[PDB]
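First comes the structure, then the notes that go with it.
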Amino acid sequence: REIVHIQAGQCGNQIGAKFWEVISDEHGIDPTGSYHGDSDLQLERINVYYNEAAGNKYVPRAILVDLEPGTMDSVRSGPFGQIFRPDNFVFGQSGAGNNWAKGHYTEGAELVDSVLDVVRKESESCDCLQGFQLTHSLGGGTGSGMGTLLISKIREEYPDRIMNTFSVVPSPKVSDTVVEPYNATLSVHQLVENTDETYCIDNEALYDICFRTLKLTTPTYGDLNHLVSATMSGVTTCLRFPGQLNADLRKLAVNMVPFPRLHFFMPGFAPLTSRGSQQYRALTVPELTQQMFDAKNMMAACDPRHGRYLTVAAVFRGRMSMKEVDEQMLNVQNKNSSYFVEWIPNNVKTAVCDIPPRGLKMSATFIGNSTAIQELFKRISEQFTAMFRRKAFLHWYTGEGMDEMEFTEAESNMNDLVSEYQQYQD
Amino acid sequence: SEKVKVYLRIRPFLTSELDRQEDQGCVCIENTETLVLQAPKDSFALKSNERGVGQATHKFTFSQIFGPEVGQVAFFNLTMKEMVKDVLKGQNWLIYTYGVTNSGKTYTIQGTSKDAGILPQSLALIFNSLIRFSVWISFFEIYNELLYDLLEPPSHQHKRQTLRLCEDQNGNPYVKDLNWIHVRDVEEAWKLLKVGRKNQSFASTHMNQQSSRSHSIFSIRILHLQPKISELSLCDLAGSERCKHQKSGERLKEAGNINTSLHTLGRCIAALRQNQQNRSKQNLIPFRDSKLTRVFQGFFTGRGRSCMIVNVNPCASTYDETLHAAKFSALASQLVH
Amino acid sequence: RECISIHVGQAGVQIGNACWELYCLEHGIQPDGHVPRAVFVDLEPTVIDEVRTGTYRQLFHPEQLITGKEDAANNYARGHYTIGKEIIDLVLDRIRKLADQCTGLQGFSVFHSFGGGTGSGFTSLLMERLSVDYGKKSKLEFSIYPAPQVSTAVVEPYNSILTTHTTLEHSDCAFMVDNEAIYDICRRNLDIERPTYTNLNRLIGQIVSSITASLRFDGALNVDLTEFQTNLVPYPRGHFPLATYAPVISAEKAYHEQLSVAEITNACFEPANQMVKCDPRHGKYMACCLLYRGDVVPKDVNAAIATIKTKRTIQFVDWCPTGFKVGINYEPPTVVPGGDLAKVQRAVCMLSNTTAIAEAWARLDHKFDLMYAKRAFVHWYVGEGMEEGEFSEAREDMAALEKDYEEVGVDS
Ligand SMILES: CC(=O)O[C@H]1C(=O)[C@@]2(C)[C@H]([C@H](OC(=O)c3ccccc3)[C@]3(O)C[C@H](OC(=O)[C@H](O)[C@@H](NC(=O)c4ccccc4)c4ccccc4)C(C)=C1C3(C)C)[C@]1(OC(C)=O)CO[C@@H]1C[C@@H]2O
Ligand SMILES: Nc1nc2c(ncn2[C@@H]2O[C@H](COP(=O)(O)OP(=O)(O)OP(=O)(O)O)[C@@H](O)[C@H]2O)c(=O)[nH]1
Ligand SMILES: Nc1nc2c(ncn2[C@@H]2O[C@H](COP(=O)(O)OP(=O)(O)O)[C@@H](O)[C@H]2O)c(=O)[nH]1
Ligand SMILES: Nc1ncnc2c1ncn2[C@@H]1O[C@H](COP(=O)(O)OP(=O)(O)O)[C@@H](O)[C@H]1O
Ligand code: ALF
Ligand SMILES: [Mg+2]
């Protein structure tokens, strides 16, 4: 079961570079080096994210799409940046405007054809393809825009394979852009009708969780990103290893998404203790559930406690007894029966791998599908409408060949999506 | 508003079908409006004697029911004349055929050369029913949940691309990216149907060779200025199938896609009937769930008078699928336009 | 006389390696020792490969190891229709070549874990095509039914209501072991809060060794496989009896080994040792097969059972006078060299059919229903070549098994 990562846009690229920086380490794959892997088990499944060509050069199977040179020209000129095959670099020297429509209809539309070519060359790699990974930001052109096209085409060329998407939703408190809510509403629309697994990350939730769960005084982007890359490896990659109870994308999805819409999840790491001090090593198991299921520690901005849960996926990865896990999970579902849905006897879906993160003893990826994520689409819709009404920076969209009813479409869709989420939140 | 016009028809057992297995008397007729059912089978459902295929009785309620003996001409008499008049009136109208595999839905829709179907008959009636007139035709097929335009010229490889289903200024969803041809005469429409046949996907099944892979939607919009806009749409949906067990391969995938799409209509109607009973602050409409449901939204929830053609298979094996279909129609009858 | 075994599904394959392990252990057949007589099928390579990488690697033939690189899918539908179909062919072929190669076999011991993907789907179509190609044989399947409250899969019940409908009308006798109730045994009858799947498997792998293995071996009261289905099922329905083990003492904590028959047999009827959360809340026994092995005197037995029969608290069904199949084997049990099992010189592996399952079924029926009421993950089944038929026609179906265990019992 192979897969093909996709670093759409600037953010998606920056974060992507960190995800591969991480992932490689969990497979002993040096820049241009070969398999230095501490063990031999970190090789039995490499195929899934790499490619066999020479015999010492296992190249990551990802795609780099962006209309801004600077990005691709900084990631390929650094560390592991020199591992990607030139063919993978799908750049577009055009005008990388921060406009969703400009990167989906005018500038993005051209490089798209030059994308489909590669996305087909990589899909036809080997073994059996499972799905595609897509990373990007809902606060820019090449991210929300170019990324919104890539999915609509991918999910039409292979409506069989799954589609995981890691989006960096526009943080509330402070928005790192001005058109932000526009590019968001417009991209979420296509996502909720293409991708079948979306992990919303919050630039401001990262800061928080990195300022209170990590004594880090200077949380650089690289850091933030790294945290994400650590969680997103626990999702996919992890499950591609043996284990007492192993899972995989399919199992994971067909167990977490009750309604065809797509549903949004919430990534969460387990052992999140500061280096020096904090190193209590308290990882028996009950300490992990305490963390993960807490408010703080949830990559989303909204708090689970503000909305029922639909499903949960405990992706553990560390030698442990199937008793102290499955039991605990139950206890938690009883202690917090209030918000955890009743029409579902067993919301939590326990998974237990074996091999842990290289230097750590035991970890556990958290993927919660709570209806609490409503307090995000609402936010966006608010900010959107609030400026839409006055057609704020609307002329910047239309002028790139768009429709004024298109904005309505997006809003409507995402708004209806809110309805559904509430129909099962009560 | 009025309840959806629904008619139930059954197809006669084929000689080959009869030879394979002969179990008749499953469907009986009582009154033109209603059907009485007693179905025989090799074995009944294993439980206390309840609704089984072995020997059981059931009741069907519909506007009108047709026997195995008569074909499309009977449908043309009652349905074709009145339905076309509504469209001329400017009122939107839509008719589709629903039923299990081997029900002969293509027979109702297209019809044979000797016996013209609903579409060719309605085409004749529109002229009779018919001031400036403008008319265009759109023809497309949905295969593997992807849309193709029948109008597209014949070629080795050709894809229309995904249908641009975007809601415009109008609240009701509209289908775009469809090529349109002016309708001067019936023959022009017929020609479009003929060329469309080649483009439309076809396949053979254990049940029947005629089997259509893709659902077919024929849409004709008439604009008349004494401009009134009216849309007449005739849809030929593919039926459900056991063939999935019998065959595999691409055929399995096509069946899976159809069975999922067919189910979305069923869930929608179920919600719709429930919506009919419940006053408010209840379950939402599944239109958004599937693309097919979205397009059909106007049909189910919004504007336009609707009529449905349900085909039934007298086969005992098919009984569970047919019962569900009948149940679907019964539930659909509950809600009003 | 022979019998083959089909380990299907991640769990069923993991448990298979365990159950098959104990075998060699009491047969003097080291890692690279004869040719077995079972197979391992799963749509998850990583799990089947574990038998190609871990212990007993070369003790199996790569021909009796079927794998489907595609997708496993934790759902009946996919495993049954779409994918599972593609694999069935190859699978059947093997269980038809090995069934021929032997000499007068007895049946196919199926090993699946009800609420799984390959365990639900796959098996369903396997047993179907089996009952037609070998209707004239025995079909005893040892299943692992969904834990009453500590389930795993979110869909779990769905996958078990679809596999029940097809197994009811194709299998002869399906033994069931409650996954949850196994932890209990490790806590109350072993004392250990660290039970890994590889441990739970050792339990089943033990009771089963007393089923097939030791039974197929001569003794003072041989018991053929046919005997079972005959004396264990009162009606054509694929009745699901319960598996139980007696000498489950810890080889560390307590040490009372020397526990005369009368006691080891009495420890089988106690709810805190029945390898199933089907507590005798009302379920009347209707046939029990007390399989003994080791030092056991036929008279000592024909007394310990008599005392039980007159204990009244074990209330048997009305229409059943005597329902106690005394099975005496020779070879005593076989504890893993360094597991956690005491190691006695006699054991009582009592299995039986009890109207108790009325509970277990209800609790799984309700579950299913609750979810079905909103259709939840139904679209995940439909899109894999399925419909409301398989569901609605299997809901009402099993229903008549909830009524069956009520009608055929509770009434004089
Ligand atoms: C001496 C020692 O034990 O050091 C630990 C350590 O101190 C701690 C604090 C690590 C440390 O992580 C961070 O400080 C951190 C920095 C930015 C963003 C997020 C986290 C560590 O850097 C991270 C590192 O993680 C790994 O090695 C995992 O395999 C992890 N790898 C990466 O994220 C990675 C980092 C750089 C380059 C390549 C990969 C991983 C996790 C999930 C999935 C795949 C890989 C570990 C255990 C440590 C250090 C080195 C100090 C912690 O994080 C992780 C992800 O394990 C932070 O809280 C945990 C608890 C650990 O004990
Ligand atoms: N006793 C025991 N139970 C197990 C073991 N492995 C899994 N289970 C149980 O069986 C069920 C898990 O089934 P899965 O592993 O998800 O699936 P599968 O049946 O192998 O097939 P797929 O869904 O297609 O992967 C859960 O109820 C587990 O608690 C095991 O080794 N021993
Ligand atoms: N976590 C994270 N967010 C980023 C990074 N880069 C940009 N972002 C976020 O992405 C949004 C801006 O979109 P951007 O990536 O510039 O769009 P594009 O480059 O035109 O596709 C802001 O909300 C930023 O916080 C990054 O490296 N990590
Ligand atoms: N009312 C009918 N009378 C006679 N033959 C019919 C009738 N309905 C269907 N058939 C025949 O049954 C076969 C299958 O019908 P068809 O319409 O193609 O199937 P489907 O319902 O799946 O669209 C054809 O050979 C058709 O001519
Ligand atoms: F022609 Al059919 F289902 F067989 F629509
Ligand atoms: Mg598995």
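Labeling convention for the structure tokens: chains A, B, ... as they appear, residues from 1 per chain, ligands from 1 in order of appearance.
The contact shell of ligand 4, defined as all polymer residues within 7 Å when only C-alpha atoms and all ligand atoms are used, comprises residues 10, 11, 12, 68, 70, 71, 99, 100, 101, 102, 103, 104, 105, 106, 107, 108, 112, 208, 210, 211, 212, 238 and 239 of chain B.
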Exercise for review: Give me, as a ChimeraX atom specification, the contact residues of chain B against chain C at a cut-off of 7 Å, counting only C-alpha atoms.
Suggested key: /B:46-47,244,252,255-257,259-260,320-321
Exercise for review: Would you mind listing the residues within 7 Å of ligand 2, counting only C-alpha atoms and all ligand atoms, as number ranges by chain?
Suggested key: A: 244-246, 251; C: 9-12, 14-15, 43-44, 72-75, 79, 113-120, 144, 146-147, 151-153, 179, 197-198, 200-201
Practice item. For residue 45 (chain B), work out the shell of residues within 10 Å, counting only C-alpha atoms and skipping chain neighbours fewer than 2 positions away, then give it as number ranges by chain. Key: B: 41, 43, 47-55; C: 393, 396-397
Practice item. For each of C:170, C:272, C:266, C:282, take the minimum atom-to-atom distance to residue 357 (chain C), counting only C-alpha atoms, then give the residue where this is smallest. Key: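 Of all the options, C:282 lies closest to residue 357 (chain C).
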Could you name the residues that touch region 287-294 of chain A at 9 Å or less, counting only C-alpha atoms, but leaving out those on the same chain fewer than 2 positions away, as a PDB file with C-alpha atoms, in the first residue's frame?
```pdb
ATOM      1  CA  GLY A 268      -2.769  15.353  19.389  1.00  0.00           C
ATOM      2  CA  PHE A 269       0.548  14.049  20.656  1.00  0.00           C
ATOM      3  CA  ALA A 270       0.851  11.913  23.774  1.00  0.00           C
ATOM      4  CA  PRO A 271       4.228  12.342  25.616  1.00  0.00           C
ATOM      5  CA  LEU A 272       4.519  16.097  25.586  1.00  0.00           C
ATOM      6  CA  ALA A 282       5.279   8.967  33.453  1.00  0.00           C
ATOM      7  CA  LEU A 283       4.147   6.953  30.436  1.00  0.00           C
ATOM      8  CA  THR A 284       2.638   3.821  32.002  1.00  0.00           C
ATOM      9  CA  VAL A 285      -0.595   4.537  30.055  1.00  0.00           C
ATOM     10  CA  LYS A 296      -5.036  21.925  26.058  1.00  0.00           C
ATOM     11  CA  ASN A 297      -2.890  19.567  23.860  1.00  0.00           C
ATOM     12  CA  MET A 298      -5.489  19.526  21.070  1.00  0.00           C
ATOM     13  CA  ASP A 303     -11.967  22.813  22.877  1.00  0.00           C
ATOM     14  CA  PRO A 304     -13.471  19.301  22.600  1.00  0.00           C
ATOM     15  CA  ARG A 305     -15.284  19.930  25.896  1.00  0.00           C
ATOM     16  CA  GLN A 328      -8.563   2.812  30.303  1.00  0.00           C
ATOM     17  CA  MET A 329     -10.193   3.933  27.021  1.00  0.00           C
ATOM     18  CA  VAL A 332     -12.571   7.569  29.979  1.00  0.00           C
ATOM     19  CA  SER A 363       3.854   7.311  22.296  1.00  0.00           C
ATOM     20  CA  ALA A 364       0.276   7.501  21.009  1.00  0.00           C
ATOM     21  CA  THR A 365      -1.183   9.513  18.156  1.00  0.00           C
ATOM     22  CA  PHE A 366      -4.549  11.087  18.906  1.00  0.00           C
ATOM     23  CA  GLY A 368     -10.435  12.955  17.658  1.00  0.00           C
TER      24      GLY A 368
END
```
Point to revise | Members of region 34-218 of chain C assigned alpha helix (DSSP H) by DSSP, as a ChimeraX atom specification | key: /C:45-48,50-53,76-80,82-101,121-133,156-168,180-188,197-211
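Using only C-alpha atoms, one finds that the residues of chain A close to chain B, at 10 Å or less, are residues 152, 153, 156, 157, 159, 160, 193, 259, 260, 261, 262, 403, 404, 405, 406, 408, 409, 410, 412, 413, 416, 417, 419, 420, 423 and 424 of chain A.
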Point to revise | Residue hits in chain A, query chain C, radius 8 Å, only C-alpha atoms, as a ChimeraX atom specification | key: /A:1,127-128,130,241-242,244,250-251,254-260,311,320-324,326-327,330,343-350
Point to revise | Within 9 Å of ligand 1, counting only C-alpha atoms and all ligand atoms, residues as an NGL selection string | key: :A and (18-26 or 210 or 213-214 or 216 or 219-220 or 222-235 or 237-238 or 269-276 or 278-281 or 356-361 or 363-365)
Atoms to include: N, CA and C atoms. Write the selected residues as a short mmCIF file (atom, residue, chain, number, x, y, z; two decimals), in the first residue's frame.
```cif
data_model
loop_
_atom_site.label_atom_id
_atom_site.label_comp_id
_atom_site.auth_asym_id
_atom_site.auth_seq_id
_atom_site.Cartn_x
_atom_site.Cartn_y
_atom_site.Cartn_z
N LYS A 18 9.76 19.91 6.87
CA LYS A 18 9.99 19.50 8.25
C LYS A 18 9.45 18.10 8.47
N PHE A 19 8.35 17.77 7.78
CA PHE A 19 7.75 16.45 7.89
C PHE A 19 8.69 15.39 7.34
N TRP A 20 9.44 15.73 6.29
CA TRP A 20 10.35 14.78 5.69
C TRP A 20 11.65 14.76 6.48
N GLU A 21 11.97 15.87 7.12
CA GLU A 21 13.13 15.95 7.99
C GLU A 21 12.91 14.91 9.10
N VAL A 22 11.73 14.98 9.71
CA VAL A 22 11.32 14.03 10.74
C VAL A 22 11.28 12.59 10.18
N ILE A 23 10.18 12.25 9.49
CA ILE A 23 9.98 10.92 8.86
C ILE A 23 11.25 10.17 8.46
N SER A 24 12.19 10.85 7.81
CA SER A 24 13.45 10.24 7.40
C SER A 24 14.17 9.62 8.59
N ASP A 25 14.29 10.41 9.65
CA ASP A 25 14.93 9.98 10.89
C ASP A 25 14.30 8.68 11.43
N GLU A 26 13.00 8.51 11.20
CA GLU A 26 12.28 7.32 11.65
C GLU A 26 12.39 6.19 10.63
N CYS A 210 2.69 24.91 22.83
CA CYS A 210 4.14 24.88 22.77
C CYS A 210 4.74 25.86 23.77
N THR A 213 3.11 23.47 27.34
CA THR A 213 3.46 22.07 27.46
C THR A 213 4.93 21.88 27.09
N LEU A 214 5.56 22.98 26.73
CA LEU A 214 6.96 22.99 26.31
C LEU A 214 7.60 24.30 26.76
N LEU A 216 9.73 25.90 25.88
CA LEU A 216 10.27 26.65 24.75
C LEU A 216 9.87 28.12 24.83
N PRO A 219 9.38 29.80 20.26
CA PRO A 219 8.78 28.83 19.34
C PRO A 219 8.83 29.28 17.88
N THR A 220 9.94 28.97 17.22
CA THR A 220 10.11 29.30 15.81
C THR A 220 9.15 28.47 14.96
N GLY A 222 9.86 26.49 12.37
CA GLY A 222 10.47 25.16 12.28
C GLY A 222 10.05 24.25 13.41
N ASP A 223 10.05 24.80 14.63
CA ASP A 223 9.65 24.06 15.81
C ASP A 223 8.20 23.64 15.67
N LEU A 224 7.30 24.62 15.65
CA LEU A 224 5.86 24.39 15.45
C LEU A 224 5.63 23.28 14.43
N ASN A 225 6.16 23.50 13.23
CA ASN A 225 6.07 22.54 12.13
C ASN A 225 6.49 21.14 12.57
N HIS A 226 7.65 21.05 13.26
CA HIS A 226 8.24 19.81 13.71
C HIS A 226 7.21 19.06 14.52
N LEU A 227 6.47 19.75 15.41
CA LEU A 227 5.45 19.14 16.26
C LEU A 227 4.41 18.46 15.37
N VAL A 228 3.97 19.19 14.36
CA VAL A 228 3.02 18.67 13.39
C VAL A 228 3.60 17.41 12.74
N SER A 229 4.80 17.55 12.17
CA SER A 229 5.48 16.45 11.50
C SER A 229 5.61 15.22 12.40
N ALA A 230 5.69 15.44 13.71
CA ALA A 230 5.80 14.35 14.67
C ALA A 230 4.47 13.63 14.83
N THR A 231 3.40 14.39 14.73
CA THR A 231 2.06 13.84 14.87
C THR A 231 1.60 13.16 13.59
N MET A 232 1.86 13.79 12.45
CA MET A 232 1.45 13.25 11.16
C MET A 232 2.20 11.97 10.77
N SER A 233 3.30 11.69 11.45
CA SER A 233 4.05 10.47 11.18
C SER A 233 3.42 9.33 11.98
N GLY A 234 2.88 9.70 13.14
CA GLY A 234 2.21 8.75 14.00
C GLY A 234 0.94 8.23 13.33
N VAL A 235 0.29 9.11 12.58
CA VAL A 235 -0.90 8.75 11.83
C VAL A 235 -0.55 7.67 10.79
N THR A 237 2.71 6.64 8.47
CA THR A 237 3.97 5.90 8.71
C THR A 237 3.92 4.85 9.82
N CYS A 238 3.57 5.28 11.03
CA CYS A 238 3.47 4.39 12.19
C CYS A 238 2.71 3.11 11.85
N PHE A 269 -0.57 14.90 20.29
CA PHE A 269 0.55 14.05 20.66
C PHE A 269 0.35 13.57 22.08
N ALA A 270 0.97 12.46 22.43
CA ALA A 270 0.85 11.91 23.77
C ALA A 270 1.94 12.45 24.72
N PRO A 271 3.16 11.86 24.74
CA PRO A 271 4.23 12.34 25.62
C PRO A 271 4.68 13.74 25.20
N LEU A 272 4.16 14.73 25.88
CA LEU A 272 4.52 16.10 25.59
C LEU A 272 5.09 16.74 26.83
N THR A 273 6.28 16.30 27.18
CA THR A 273 6.96 16.81 28.35
C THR A 273 8.21 17.57 27.92
N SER A 274 8.50 18.66 28.63
CA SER A 274 9.69 19.45 28.34
C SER A 274 10.94 18.58 28.53
N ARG A 275 12.01 18.89 27.80
CA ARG A 275 13.27 18.15 27.89
C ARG A 275 13.74 17.95 29.33
N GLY A 276 14.68 18.79 29.75
CA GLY A 276 15.26 18.73 31.09
C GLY A 276 14.31 18.41 32.23
N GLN A 278 10.75 18.60 33.29
CA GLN A 278 9.58 17.74 33.04
C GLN A 278 9.76 16.23 32.87
N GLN A 279 10.93 15.77 32.37
CA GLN A 279 11.24 14.33 32.14
C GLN A 279 10.87 13.39 33.32
N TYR A 280 9.58 13.27 33.60
CA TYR A 280 9.07 12.42 34.68
C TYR A 280 9.00 10.97 34.22
N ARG A 281 8.95 10.78 32.90
CA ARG A 281 8.88 9.45 32.30
C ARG A 281 7.55 8.75 32.55
N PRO A 356 8.28 2.02 18.68
CA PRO A 356 8.01 3.40 19.10
C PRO A 356 8.91 4.38 18.35
N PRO A 357 8.77 5.69 18.61
CA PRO A 357 9.62 6.71 17.99
C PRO A 357 11.05 6.56 18.50
N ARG A 358 11.94 6.17 17.60
CA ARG A 358 13.37 5.93 17.86
C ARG A 358 13.87 6.05 19.32
N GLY A 359 14.09 7.28 19.79
CA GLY A 359 14.63 7.49 21.14
C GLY A 359 13.61 7.52 22.28
N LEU A 360 12.33 7.37 21.97
CA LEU A 360 11.30 7.39 22.99
C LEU A 360 10.85 5.97 23.30
N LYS A 361 10.24 5.78 24.46
CA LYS A 361 9.80 4.46 24.87
C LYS A 361 8.36 4.15 24.44
N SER A 363 4.63 6.16 22.73
CA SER A 363 3.85 7.31 22.30
C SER A 363 2.47 6.86 21.84
N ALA A 364 1.63 7.81 21.44
CA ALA A 364 0.28 7.50 21.01
C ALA A 364 -0.34 8.67 20.26
N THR A 365 -0.58 8.48 18.98
CA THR A 365 -1.18 9.51 18.16
C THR A 365 -2.66 9.64 18.51
#
```
Compile a residue-level contact table for chain A against ligand 3 at a cut-off of 6 Å, reporting for every qualifying residue the shortest atom pair and its distance in Å to one decimal, with only C-alpha atoms and all ligand atoms counted, rows ordered by chain and ascending number, as CSV.
```
residue,atom,partner,partner_atom_place_in_ligand_line,distance
A:9,CA,ligand 3,21 (O),3.7
A:10,CA,ligand 3,19 (O),3.2
A:11,CA,ligand 3,15 (O),3.3
A:14,CA,ligand 3,27 (O),4.5
A:15,CA,ligand 3,27 (O),4.8
A:98,CA,ligand 3,20 (O),4.8
A:137,CA,ligand 3,10 (O),4.8
A:139,CA,ligand 3,13 (O),4.0
A:140,CA,ligand 3,17 (O),3.2
A:141,CA,ligand 3,20 (O),3.8
A:142,CA,ligand 3,21 (O),3.6
A:143,CA,ligand 3,21 (O),3.3
A:170,CA,ligand 3,23 (O),5.0
A:176,CA,ligand 3,22 (C),4.5
A:203,CA,ligand 3,1 (N),5.2
A:221,CA,ligand 3,27 (O),5.4
A:224,CA,ligand 3,1 (N),5.9
A:225,CA,ligand 3,1 (N),5.1
```
Please produce a file of the residues just selected, as a PDB file, in the first residue's frame, where the atoms kept are N, CA and C atoms.
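And here is the file that came out, selection.pdb:
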```pdb
ATOM      1  N   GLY A   9       1.572  24.750  -1.987  1.00  0.00           N
ATOM      2  CA  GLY A   9       1.756  26.109  -1.505  1.00  0.00           C
ATOM      3  C   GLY A   9       3.049  26.368  -0.755  1.00  0.00           C
ATOM      4  N   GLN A  10       3.127  27.554  -0.148  1.00  0.00           N
ATOM      5  CA  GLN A  10       4.305  27.981   0.600  1.00  0.00           C
ATOM      6  C   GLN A  10       4.352  27.283   1.950  1.00  0.00           C
ATOM      7  N   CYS A  11       3.333  27.519   2.773  1.00  0.00           N
ATOM      8  CA  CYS A  11       3.229  26.873   4.074  1.00  0.00           C
ATOM      9  C   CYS A  11       3.418  25.369   3.915  1.00  0.00           C
ATOM     10  N   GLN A  14       7.019  24.555   3.391  1.00  0.00           N
ATOM     11  CA  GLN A  14       7.785  24.767   4.618  1.00  0.00           C
ATOM     12  C   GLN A  14       7.536  23.651   5.629  1.00  0.00           C
ATOM     13  N   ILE A  15       6.260  23.379   5.895  1.00  0.00           N
ATOM     14  CA  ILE A  15       5.885  22.334   6.840  1.00  0.00           C
ATOM     15  C   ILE A  15       6.277  20.955   6.299  1.00  0.00           C
ATOM     16  N   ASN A  98      -1.630  36.188  -3.373  1.00  0.00           N
ATOM     17  CA  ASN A  98      -2.274  35.538  -2.225  1.00  0.00           C
ATOM     18  C   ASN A  98      -3.782  35.360  -2.474  1.00  0.00           C
ATOM     19  N   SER A 137      -1.921  25.359   3.362  1.00  0.00           N
ATOM     20  CA  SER A 137      -2.429  26.385   4.246  1.00  0.00           C
ATOM     21  C   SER A 137      -3.689  27.016   3.672  1.00  0.00           C
ATOM     22  N   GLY A 139      -4.609  29.913   4.159  1.00  0.00           N
ATOM     23  CA  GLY A 139      -4.401  31.346   4.260  1.00  0.00           C
ATOM     24  C   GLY A 139      -3.442  31.875   3.207  1.00  0.00           C
ATOM     25  N   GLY A 140      -3.653  31.485   1.960  1.00  0.00           N
ATOM     26  CA  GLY A 140      -2.784  31.942   0.895  1.00  0.00           C
ATOM     27  C   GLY A 140      -3.276  31.506  -0.467  1.00  0.00           C
ATOM     28  N   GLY A 141      -2.537  31.859  -1.510  1.00  0.00           N
ATOM     29  CA  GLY A 141      -2.923  31.488  -2.855  1.00  0.00           C
ATOM     30  C   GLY A 141      -2.614  30.040  -3.172  1.00  0.00           C
ATOM     31  N   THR A 142      -1.349  29.769  -3.453  1.00  0.00           N
ATOM     32  CA  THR A 142      -0.874  28.427  -3.792  1.00  0.00           C
ATOM     33  C   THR A 142      -1.251  27.345  -2.782  1.00  0.00           C
ATOM     34  N   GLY A 143      -1.684  27.753  -1.606  1.00  0.00           N
ATOM     35  CA  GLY A 143      -2.062  26.794  -0.595  1.00  0.00           C
ATOM     36  C   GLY A 143      -3.521  26.419  -0.717  1.00  0.00           C
ATOM     37  N   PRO A 170      -6.829  29.099   9.224  1.00  0.00           N
ATOM     38  CA  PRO A 170      -6.601  30.464   9.712  1.00  0.00           C
ATOM     39  C   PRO A 170      -6.893  30.610  11.198  1.00  0.00           C
ATOM     40  N   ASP A 176      -2.624  35.606  10.049  1.00  0.00           N
ATOM     41  CA  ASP A 176      -1.350  35.902   9.393  1.00  0.00           C
ATOM     42  C   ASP A 176      -1.505  36.428   7.973  1.00  0.00           C
ATOM     43  N   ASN A 203      -2.341  27.395  13.782  1.00  0.00           N
ATOM     44  CA  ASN A 203      -1.097  28.131  14.030  1.00  0.00           C
ATOM     45  C   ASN A 203      -1.027  28.734  15.439  1.00  0.00           C
ATOM     46  N   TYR A 221       8.980  28.840  13.698  1.00  0.00           N
ATOM     47  CA  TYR A 221       8.097  28.090  12.813  1.00  0.00           C
ATOM     48  C   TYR A 221       8.577  26.649  12.698  1.00  0.00           C
ATOM     49  N   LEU A 224       7.298  24.624  15.648  1.00  0.00           N
ATOM     50  CA  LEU A 224       5.863  24.389  15.454  1.00  0.00           C
ATOM     51  C   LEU A 224       5.630  23.278  14.432  1.00  0.00           C
ATOM     52  N   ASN A 225       6.162  23.498  13.232  1.00  0.00           N
ATOM     53  CA  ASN A 225       6.069  22.537  12.132  1.00  0.00           C
ATOM     54  C   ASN A 225       6.489  21.140  12.574  1.00  0.00           C
TER      55      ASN A 225
END
```
**Study point:** strand (DSSP E or B) call set, DSSP backbone run, region 65-146 of chain A, as a PyMOL selection string
**Key:** chain A and resi 65-66+89-91+129-137
Practice item. Considering only C-alpha atoms, return as an MDAnalysis selection string whatever protein or nucleic-acid residues lie within 7 Å of residue 65 (chain C), sequence-local ones (same chain, fewer than 6 positions apart) excluded. Key: chainID C and resid 39:41
Put those residues in a file: N, CA, C and O atoms, as an mmCIF file, in the first residue's frame.
```cif
data_model
loop_
_atom_site.group_PDB
_atom_site.id
_atom_site.type_symbol
_atom_site.label_atom_id
_atom_site.label_comp_id
_atom_site.auth_asym_id
_atom_site.auth_seq_id
_atom_site.Cartn_x
_atom_site.Cartn_y
_atom_site.Cartn_z
ATOM 1 N N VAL C 39 -4.105 -23.318 7.038
ATOM 2 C CA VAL C 39 -3.693 -22.209 6.187
ATOM 3 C C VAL C 39 -3.931 -20.888 6.902
ATOM 4 O O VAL C 39 -4.630 -20.846 7.916
ATOM 5 N N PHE C 40 -3.345 -19.825 6.380
ATOM 6 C CA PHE C 40 -3.519 -18.497 6.950
ATOM 7 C C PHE C 40 -3.901 -17.516 5.846
ATOM 8 O O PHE C 40 -3.125 -17.298 4.914
ATOM 9 N N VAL C 41 -5.099 -16.952 5.935
ATOM 10 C CA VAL C 41 -5.566 -15.998 4.932
ATOM 11 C C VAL C 41 -5.883 -14.645 5.567
ATOM 12 O O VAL C 41 -6.536 -14.578 6.612
#
```
